[PDB]
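Undergrad: Could you have a look at this structure, given as structure tokens, before my questions?
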Amino acid sequence: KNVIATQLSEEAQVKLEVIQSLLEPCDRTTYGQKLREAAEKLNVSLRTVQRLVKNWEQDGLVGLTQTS
DNA sequence: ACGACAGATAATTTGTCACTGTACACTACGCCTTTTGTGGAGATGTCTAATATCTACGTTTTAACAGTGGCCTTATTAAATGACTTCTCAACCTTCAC
């Protein structure tokens with residue numbers, strides 16, 4: 001059933017801030033650079049943003065917020 | 001792309017040790033109520049054998065006397081006594097004697 005995110009920490013808000021920018025509809029000719037302009041503000045390599053968006057789709061806002 | 005090798009790295013628990021909040025300060029099984037089955041007199045009710053009493057049952061004994069039954073010989077003549085009965089209870093005249 002439903003899992004609701006609450007008490008998001010500020011680095012999770014940073015994760016939200018990229019996710020809300022990647023939510024603009026894109027294609028391979030646009031994903032790569034619109035990802036990279038986020039990777040530079042995540043300050044971490046592209047593949048982590050891939051796992052971030054993976055977990056975001058896999059679990060939502062509670063996917064980008066770490067589980068103990 | 002993603003995810004897939006060996007290894008980094010942010011947790012996660014294990015273990016130290018300075019610090020502090022707290023009890024020890026004697027102070028619950030005890031006060032009080034109700035039910036309740038067991039128990040001790042103690043007034044009262046229960047109801048008999050029996051040793052008379054208390055007359056009668058009537059039943060013996062007495063004597064009094066009543067009735068039955070046996071016996072008792074009968075004659076004559078005399079006497080005494082007491083009685084009974086019957087009969088009787090004249091009257092004038094003549095004759096011879098003094």
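How things are named: the first chain in the structure tokens is A, the next is B, and so on; residues count from 1 in each chain; ligands count from 1 in the order shown.
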Within 10 Å of chain B, which residues of chain A show up when using only C-alpha atoms (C1' of nucleotides), listed as a list in words?

TA: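 The selection requested is residues 47, 50, 51, 54 and 68 of chain A.
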
Undergrad: Write out as a list in words which residues come within 12 Å of residue A:63 when counting only C-alpha atoms (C1' of nucleotides), dropping same-chain ones fewer than 2 positions away.

TA: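 The contact residues come out as residues 3, 4, 5, 8, 12, 15, 16, 19, 51, 52, 53, 54, 55, 56, 57, 58, 59, 60, 61, 65, 66, 67 and 68 of chain A.
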
Undergrad: Please provide the set of residues having any atom within 9 Å of residue A:22, restricted to only C-alpha atoms (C1' of nucleotides), with same-chain residues fewer than 2 positions apart removed, written as number ranges by chain.

TA: A: 17-20, 24-26, 31, 34-35, 38, 53

Undergrad: For the residues selected in the previous step, produce a file with C-alpha atoms as a PDB file, in the first residue's frame.

TA:
ATOM      1  CA  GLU A  17      15.336  19.769  -7.081  1.00  0.00           C
ATOM      2  CA  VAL A  18      17.034  17.702  -9.792  1.00  0.00           C
ATOM      3  CA  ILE A  19      14.063  15.330 -10.131  1.00  0.00           C
ATOM      4  CA  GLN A  20      11.692  18.279 -10.619  1.00  0.00           C
ATOM      5  CA  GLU A  24      10.564  18.099 -18.232  1.00  0.00           C
ATOM      6  CA  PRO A  25       9.785  15.626 -21.068  1.00  0.00           C
ATOM      7  CA  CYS A  26      13.009  14.628 -22.816  1.00  0.00           C
ATOM      8  CA  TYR A  31      18.271  13.405 -21.644  1.00  0.00           C
ATOM      9  CA  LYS A  34      19.680  17.710 -19.221  1.00  0.00           C
ATOM     10  CA  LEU A  35      20.994  14.928 -16.984  1.00  0.00           C
ATOM     11  CA  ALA A  38      21.925  18.074 -13.043  1.00  0.00           C
ATOM     12  CA  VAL A  53      16.020   8.216 -11.257  1.00  0.00           C
TER      13      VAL A  53
END

Undergrad: So that I can check the secondary structure, give me every residue of chain A assigned alpha helix (DSSP H) by backbone DSSP, as a JSON list (two decimals) with N, CA and C atoms, in the first residue's frame.

TA:
[["chain", "number", "residue", "atom", "x", "y", "z"],
["A", 10, "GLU", "N", 17.44, 18.06, 3.65],
["A", 10, "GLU", "CA", 17.78, 19.05, 2.63],
["A", 10, "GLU", "C", 18.55, 18.46, 1.45],
["A", 11, "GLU", "N", 19.37, 17.43, 1.67],
["A", 11, "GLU", "CA", 19.98, 16.76, 0.53],
["A", 11, "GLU", "C", 18.95, 15.96, -0.27],
["A", 12, "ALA", "N", 17.89, 15.49, 0.38],
["A", 12, "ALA", "CA", 16.77, 14.91, -0.35],
["A", 12, "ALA", "C", 15.99, 15.97, -1.11],
["A", 13, "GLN", "N", 15.90, 17.18, -0.57],
["A", 13, "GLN", "CA", 15.35, 18.30, -1.33],
["A", 13, "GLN", "C", 16.21, 18.63, -2.54],
["A", 14, "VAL", "N", 17.53, 18.54, -2.39],
["A", 14, "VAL", "CA", 18.42, 18.65, -3.55],
["A", 14, "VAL", "C", 18.14, 17.55, -4.56],
["A", 15, "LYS", "N", 17.93, 16.32, -4.08],
["A", 15, "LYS", "CA", 17.50, 15.24, -4.97],
["A", 15, "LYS", "C", 16.16, 15.55, -5.61],
["A", 16, "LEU", "N", 15.24, 16.14, -4.85],
["A", 16, "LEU", "CA", 13.98, 16.60, -5.42],
["A", 16, "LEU", "C", 14.19, 17.70, -6.46],
["A", 17, "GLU", "N", 15.06, 18.67, -6.16],
["A", 17, "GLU", "CA", 15.34, 19.77, -7.08],
["A", 17, "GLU", "C", 15.86, 19.31, -8.44],
["A", 18, "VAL", "N", 16.68, 18.27, -8.49],
["A", 18, "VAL", "CA", 17.03, 17.70, -9.79],
["A", 18, "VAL", "C", 15.87, 16.92, -10.40],
["A", 19, "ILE", "N", 15.18, 16.11, -9.60],
["A", 19, "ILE", "CA", 14.06, 15.33, -10.13],
["A", 19, "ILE", "C", 12.99, 16.23, -10.74],
["A", 20, "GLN", "N", 12.66, 17.34, -10.06],
["A", 20, "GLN", "CA", 11.69, 18.28, -10.62],
["A", 20, "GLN", "C", 12.20, 19.02, -11.86],
["A", 21, "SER", "N", 13.51, 19.02, -12.10],
["A", 21, "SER", "CA", 14.05, 19.54, -13.35],
["A", 21, "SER", "C", 14.08, 18.51, -14.47],
["A", 22, "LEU", "N", 14.42, 17.26, -14.14],
["A", 22, "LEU", "CA", 14.36, 16.15, -15.09],
["A", 22, "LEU", "C", 12.93, 15.78, -15.49],
["A", 28, "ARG", "N", 16.59, 10.90, -25.78],
["A", 28, "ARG", "CA", 18.02, 10.61, -25.70],
["A", 28, "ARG", "C", 18.87, 11.78, -26.18],
["A", 29, "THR", "N", 18.40, 12.49, -27.19],
["A", 29, "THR", "CA", 19.10, 13.67, -27.69],
["A", 29, "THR", "C", 18.99, 14.84, -26.71],
["A", 30, "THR", "N", 18.13, 14.73, -25.71],
["A", 30, "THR", "CA", 17.98, 15.74, -24.67],
["A", 30, "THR", "C", 18.24, 15.23, -23.26],
["A", 31, "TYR", "N", 18.00, 13.94, -22.98],
["A", 31, "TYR", "CA", 18.27, 13.41, -21.64],
["A", 31, "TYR", "C", 19.73, 13.61, -21.24],
["A", 32, "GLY", "N", 20.66, 13.26, -22.12],
["A", 32, "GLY", "CA", 22.07, 13.26, -21.76],
["A", 32, "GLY", "C", 22.59, 14.59, -21.24],
["A", 33, "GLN", "N", 22.26, 15.69, -21.93],
["A", 33, "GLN", "CA", 22.70, 16.99, -21.44],
["A", 33, "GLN", "C", 21.84, 17.55, -20.31],
["A", 34, "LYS", "N", 20.53, 17.30, -20.33],
["A", 34, "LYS", "CA", 19.68, 17.71, -19.22],
["A", 34, "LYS", "C", 19.88, 16.85, -17.98],
["A", 35, "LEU", "N", 20.45, 15.66, -18.13],
["A", 35, "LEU", "CA", 20.99, 14.93, -16.98],
["A", 35, "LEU", "C", 22.30, 15.56, -16.50],
["A", 36, "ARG", "N", 23.24, 15.78, -17.42],
["A", 36, "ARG", "CA", 24.55, 16.30, -17.06],
["A", 36, "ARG", "C", 24.47, 17.66, -16.37],
["A", 37, "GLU", "N", 23.58, 18.54, -16.83],
["A", 37, "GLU", "CA", 23.39, 19.81, -16.12],
["A", 37, "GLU", "C", 22.83, 19.61, -14.71],
["A", 38, "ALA", "N", 22.25, 18.45, -14.42],
["A", 38, "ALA", "CA", 21.92, 18.07, -13.04],
["A", 38, "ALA", "C", 23.09, 17.39, -12.33],
["A", 39, "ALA", "N", 23.80, 16.51, -13.03],
["A", 39, "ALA", "CA", 24.95, 15.84, -12.42],
["A", 39, "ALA", "C", 25.96, 16.84, -11.88],
["A", 40, "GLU", "N", 26.16, 17.96, -12.58],
["A", 40, "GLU", "CA", 27.06, 19.00, -12.09],
["A", 40, "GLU", "C", 26.55, 19.66, -10.81],
["A", 41, "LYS", "N", 25.23, 19.74, -10.61],
["A", 41, "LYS", "CA", 24.72, 20.29, -9.36],
["A", 41, "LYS", "C", 24.49, 19.23, -8.30],
["A", 42, "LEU", "N", 24.37, 17.96, -8.70],
["A", 42, "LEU", "CA", 24.58, 16.88, -7.74],
["A", 42, "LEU", "C", 26.04, 16.74, -7.38],
["A", 46, "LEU", "N", 27.32, 10.68, -13.50],
["A", 46, "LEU", "CA", 26.05, 10.43, -14.18],
["A", 46, "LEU", "C", 25.35, 9.16, -13.71],
["A", 47, "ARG", "N", 26.10, 8.06, -13.55],
["A", 47, "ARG", "CA", 25.49, 6.78, -13.19],
["A", 47, "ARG", "C", 24.74, 6.84, -11.86],
["A", 48, "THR", "N", 25.17, 7.71, -10.94],
["A", 48, "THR", "CA", 24.42, 7.86, -9.70],
["A", 48, "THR", "C", 23.08, 8.53, -9.95],
["A", 49, "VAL", "N", 23.03, 9.48, -10.88],
["A", 49, "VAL", "CA", 21.75, 10.06, -11.27],
["A", 49, "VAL", "C", 20.87, 9.03, -11.94],
["A", 50, "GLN", "N", 21.47, 8.10, -12.69],
["A", 50, "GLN", "CA", 20.72, 6.99, -13.25],
["A", 50, "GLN", "C", 20.12, 6.10, -12.16],
["A", 51, "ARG", "N", 20.91, 5.73, -11.16],
["A", 51, "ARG", "CA", 20.36, 4.99, -10.03],
["A", 51, "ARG", "C", 19.36, 5.82, -9.22],
["A", 52, "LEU", "N", 19.59, 7.13, -9.10],
["A", 52, "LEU", "CA", 18.62, 8.01, -8.47],
["A", 52, "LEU", "C", 17.27, 8.01, -9.19],
["A", 53, "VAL", "N", 17.27, 8.26, -10.50],
["A", 53, "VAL", "CA", 16.02, 8.22, -11.26],
["A", 53, "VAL", "C", 15.43, 6.81, -11.28],
["A", 54, "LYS", "N", 16.29, 5.78, -11.31],
["A", 54, "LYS", "CA", 15.81, 4.41, -11.19],
["A", 54, "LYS", "C", 15.01, 4.23, -9.90],
["A", 55, "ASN", "N", 15.62, 4.55, -8.76],
["A", 55, "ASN", "CA", 14.96, 4.40, -7.47],
["A", 55, "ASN", "C", 13.77, 5.34, -7.34],
["A", 56, "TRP", "N", 13.86, 6.54, -7.91],
["A", 56, "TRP", "CA", 12.71, 7.43, -7.95],
["A", 56, "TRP", "C", 11.51, 6.79, -8.64],
["A", 57, "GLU", "N", 11.72, 6.17, -9.80],
["A", 57, "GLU", "CA", 10.61, 5.48, -10.43],
["A", 57, "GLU", "C", 10.22, 4.23, -9.64],
["A", 58, "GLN", "N", 11.21, 3.55, -9.08],
["A", 58, "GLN", "CA", 10.96, 2.30, -8.37],
["A", 58, "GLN", "C", 10.13, 2.52, -7.11],
["A", 59, "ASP", "N", 10.35, 3.64, -6.41],
["A", 59, "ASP", "CA", 9.70, 3.84, -5.12],
["A", 59, "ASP", "C", 9.15, 5.24, -4.87],
["A", 61, "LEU", "N", 9.26, 9.37, -3.99],
["A", 61, "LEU", "CA", 10.03, 10.23, -3.09],
["A", 61, "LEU", "C", 10.69, 9.46, -1.96],
["A", 62, "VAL", "N", 10.11, 8.33, -1.54],
["A", 62, "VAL", "CA", 10.78, 7.46, -0.57],
["A", 62, "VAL", "C", 11.84, 6.57, -1.19],
["A", 63, "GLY", "N", 12.03, 6.63, -2.50],
["A", 63, "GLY", "CA", 13.15, 5.99, -3.16],
["A", 63, "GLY", "C", 14.42, 6.82, -3.15],
["A", 64, "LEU", "N", 14.26, 8.13, -3.36],
["A", 64, "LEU", "CA", 15.38, 9.06, -3.30],
["A", 64, "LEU", "C", 15.79, 9.41, -1.87]]
